[PDB]
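The structure under discussion appears below in the form of structure tokens.
Here, each number is a calculation from the coordinates, and none is a lab measurement. Positions of Cβ are generated from backbone atoms using ideal geometry, with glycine treated the same way; all protein chains shown enter the neighbour counts.
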Amino acid sequence: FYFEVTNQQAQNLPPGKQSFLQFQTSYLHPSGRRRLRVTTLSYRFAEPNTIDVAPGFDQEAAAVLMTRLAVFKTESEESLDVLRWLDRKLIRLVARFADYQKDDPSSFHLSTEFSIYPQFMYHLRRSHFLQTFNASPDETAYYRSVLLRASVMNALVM
Amino acid sequence: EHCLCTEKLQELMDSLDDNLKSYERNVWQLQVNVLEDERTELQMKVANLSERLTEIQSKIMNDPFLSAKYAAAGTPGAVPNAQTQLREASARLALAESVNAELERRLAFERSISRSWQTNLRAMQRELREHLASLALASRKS
Amino acid sequence: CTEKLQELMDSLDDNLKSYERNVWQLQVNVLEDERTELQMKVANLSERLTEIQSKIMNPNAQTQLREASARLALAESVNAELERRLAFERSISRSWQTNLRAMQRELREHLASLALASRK
Amino acid sequence: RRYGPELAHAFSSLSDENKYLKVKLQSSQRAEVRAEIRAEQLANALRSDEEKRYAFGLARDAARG
Amino acid sequence: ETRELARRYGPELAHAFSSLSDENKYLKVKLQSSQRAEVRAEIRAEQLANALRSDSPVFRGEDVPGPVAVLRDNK
Amino acid sequence: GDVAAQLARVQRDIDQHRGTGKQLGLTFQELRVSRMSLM
Amino acid sequence: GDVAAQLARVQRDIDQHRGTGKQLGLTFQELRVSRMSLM
Amino acid sequence: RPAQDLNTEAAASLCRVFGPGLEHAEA
Amino acid sequence: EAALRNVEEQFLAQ
Amino acid sequence: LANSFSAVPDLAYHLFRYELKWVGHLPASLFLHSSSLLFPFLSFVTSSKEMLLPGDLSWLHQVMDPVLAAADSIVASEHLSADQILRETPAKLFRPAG
């Protein structure tokens, strides 16, 4: 599930807003009972002392989110602009949040949250989910069908 | 050099005023605030420890027979007799486990001091970098 | 923008030569000193508790000295390593003003090279 | 150079500037808290407006359902 | 500049010109710290009041006046 | 007795720094509460 | 040896206590002007 | 017969003595 | 003290 | 209600202790300004129509009226205009009256 944060003013937030979200799944179990499982979430977010959005990042979940969006976008348009767009997503995450002085590549450093993530894009740009060659059309379609239904720890291995 | 610096020096001032002085407010306050939590919890653990050592202390020795158990003690003589040094190593054992608890509560609460000087300071490097480099980019325009 | 850059210098110089971090370090130190004394008040009330609790209370003797004092050596090993951890936690926490003021130095001279060029 | 009467004309101008800076800081401290109270009162007013607006449109969603 | 007048006219007159110039800079920089708060609060109020418009609780109008002074034949 | 005068000078200056310090914190706290009262 | 060198360098530390004495007199005036406006 | 609980008495110092006659009398 | 450098300071403080 | 039962000594004692306990963490010079029920309480007790006994009004008159008329006299003597009073610092003008 993807979301966008509208919030056209910075001061819309309730006091120390914990950003509530609820999911309601209404499934059916083979015992003969219709089931409604509901889960709720709360993420305290974005107080004016700056950084907080970035320490909460985890390099593994957003890597899979970028993979699923890239696979859908190769289904809609051609692959070459998907690689250009997705590499643009790397270079704008790094050029913001990396530890550097401008025009001085030797001072580069990366935080522990923002460190394994560029390797997850090196192997994603090299994995069969993005290029279609060296693979039959059924060999590629078997990978994309499994990938869209996979747990987050069941996906970085892919 | 009135070279339209004004719209980009002002938005450097906006960042340097609401963040430079104000982050220093909130993290000095955070450092102090958990250290009154030091004062309260240290005073509570003095309170119940002195309450135990005013309870069993009165109980044992305001009555004569159990007081005379200490008057015997493990005796004020040498040759520990293979019993009252099992006593003594156990006394050093509870002495070591008590300060082990005090240093570990010290340890985890020293992390609340230390794990705030990585992050909010870093974004001050970050957004002072974007505003400063945009200032240099606009300076090389006219 | 030459008079705007002059109050770049003045606004930063307030945060450099203000003795306001100096007063609140006196604030945190005065509550540091009393609390090490209060931790001593924990210590000797604890050892006098354990001296009297192990007083009353009630395998072989030669084997039940062994887990007693090997856990003395194990308690010796855990508080030796934990002290080395806490001393490292002092050195990272005493990086407070060593490099926040290094931020304020580097920001001041990089904006002073701009001010010198504008003055030229 | 500066000798005699020009020292007194110097001290008169700095003493005048000290009084001038005291009374304009007096007015500007009233002005900044006037502006922050206004900005906070609009902030609470708009927050209550978006609270009622989102709750009204979502009440329309439950009305259709 | 408190070295030439520190000599001749005396050390004590140097202590008068000092901490008067230093006060004039201290009062100026804390006046400018409030004038930049005027700009930041006014742009914030103007931006956020546009979102109301797209019976306000505030006064907006004129203040009860206070002291406004001018320099003695300088500007 | 030059050394004796130097230690005596920093006897009464460290104590004076403590006095001017803890009361500077009183005025700094006074400035924020005066801002909140005018708020 | 130990006393002389370690002492003469802490009046280098003492030299800024006139700085915090000066800044205390300035925060008196800022408190005065804010109390001026509160009334 | 559930139980008994307690009984509290008036202190002295905390008692109130408000009244119009405490400062004035009429003939 | 706090350096009564006006003509109003020796009035209001005294 | 406190004047009806003449419990004003009781209400004044407990309003003072409750206000000062609340603002006690704030500094001493602004105990009256940073509070909320302290200044409106004394303002209503000693400066309202239904509280102030008329003999106290005549006392507040006689201590203030030479002072206020001396302030009026320094306006008329040096011809201070209406907008000059409320643009200039009140301390510079009304120094003899103070």
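The figures follow:
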read-out	value
Check: the protein assembly as shown dipole with +1 on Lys, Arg Cβ and -1 on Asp, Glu Cβ, in debye	1760
Karplus (6.51, -1.76, 1.60) ³J(HN,Hα), θ = phi - 60°, over the stretch A:111-118, in Hz, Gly and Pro reported as x	5, 5, 5, 9, 10, 7, 4, x
Per-pair calculated FRET efficiency, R0 = 45 Å: F:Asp13 and B:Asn62 via Cβ, rounded to 0.05	0.25
Surrounding net charge for C:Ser54, when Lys and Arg each add one and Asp and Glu each subtract one, Cβ distance under 15 Å	+3
Number of partner chain Cβ atoms within 10 Å, mean per residue of C:13-26	6
A:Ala150-F:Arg32 FRET efficiency (beta carbon distance; Förster radius 35 Å; 0.05 resolution)	0.05
Percentage of interatomic Cα-Cα distances in the protein assembly as shown larger than 40 Å	61
GNM result for chain J, Cα springs below 10 Å: residue of J:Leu20, J:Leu80, J:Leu37 fluctuating most strongly	J:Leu80
Which of C:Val42, E:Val64 has the fewest Cβ neighbours within 10 Å, and the rest in rising order	E:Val64, C:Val42
Length-normalised contact order of chain A in % [C-alpha pairs under 8 Å, at least 6 apart]	18
Dipole of chain J, positive direction: furthest Cα of J:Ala2, J:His61, J:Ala12, with charges on the beta-carbon	J:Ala12
Phi-based couplings in Hz for the stretch D:35-41 (Karplus 6.51, -1.76, 1.60; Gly and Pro marked x)	6, 6, 5, 5, 5, 6, 6
Fluctuation leader among B:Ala82, B:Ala71, B:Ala101 - chain B, Gaussian network, Cα springs under 10 angstrom	B:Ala82
Chain B: most fluctuating residue of B:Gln31, B:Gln83, B:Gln57 per GNM, C-alpha cutoff 10 Å	B:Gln83
Rounded Å value of the spacing that divides the Cα centres of the stretch J:36-98 and the stretch H:9-27	38
The stretch J:22-28 - phi-based ³J(HN,Hα) in whole Hz, Karplus 6.51/-1.76/1.60, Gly and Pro as x	5, 9, x, 6, 7, x, 6
5 angstrom amide H check on A:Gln101, placed H, neighbours 5+ away	A:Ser107
Set of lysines near A:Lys73 by C-alpha distance (under 25 Å), chain-local residues within fewer than 8 positions excluded	A:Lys89
Farthest toward positive dipole pole in the stretch B:2-124 [+1 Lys/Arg, -1 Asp/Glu at C-beta], among B:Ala96, B:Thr75, B:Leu4	B:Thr75
Prolate/oblate/rounded label for chain D (Cα gyration tensor, a/c 1.5)	prolate
Spatially proximal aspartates and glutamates relative to F:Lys22 (Cα-Cα < 17 Å; intrachain offsets below 8 disregarded)	C:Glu20, C:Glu32, C:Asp33, C:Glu34, F:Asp13, F:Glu30, I:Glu1
Above-threshold pairs, the threshold being 26 Å between Cα atoms, out of B:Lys21/D:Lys24; E:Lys25/E:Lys75; B:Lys8/D:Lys52; A:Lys17/J:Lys21	B:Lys8/D:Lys52; A:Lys17/J:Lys21
Proximal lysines to B:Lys59, defined as alpha-carbon separation beneath 20 angstrom and excluding residues fewer than eight positions away on the same chain	B:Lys69, C:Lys55
5 angstrom amide H check on B:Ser116, placed H, neighbours 5+ away	none
Separation of alpha-carbon centers, the stretch E:45-75 and the stretch B:73-132, rounded to whole Å	57
For A:99-110, mean number of other protein chain Cβ atoms within 10 Å	1
Efficiency of FRET between B:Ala101 and D:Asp49 - r from beta-carbon atoms, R0 51 angstrom, step 0.05	0.45
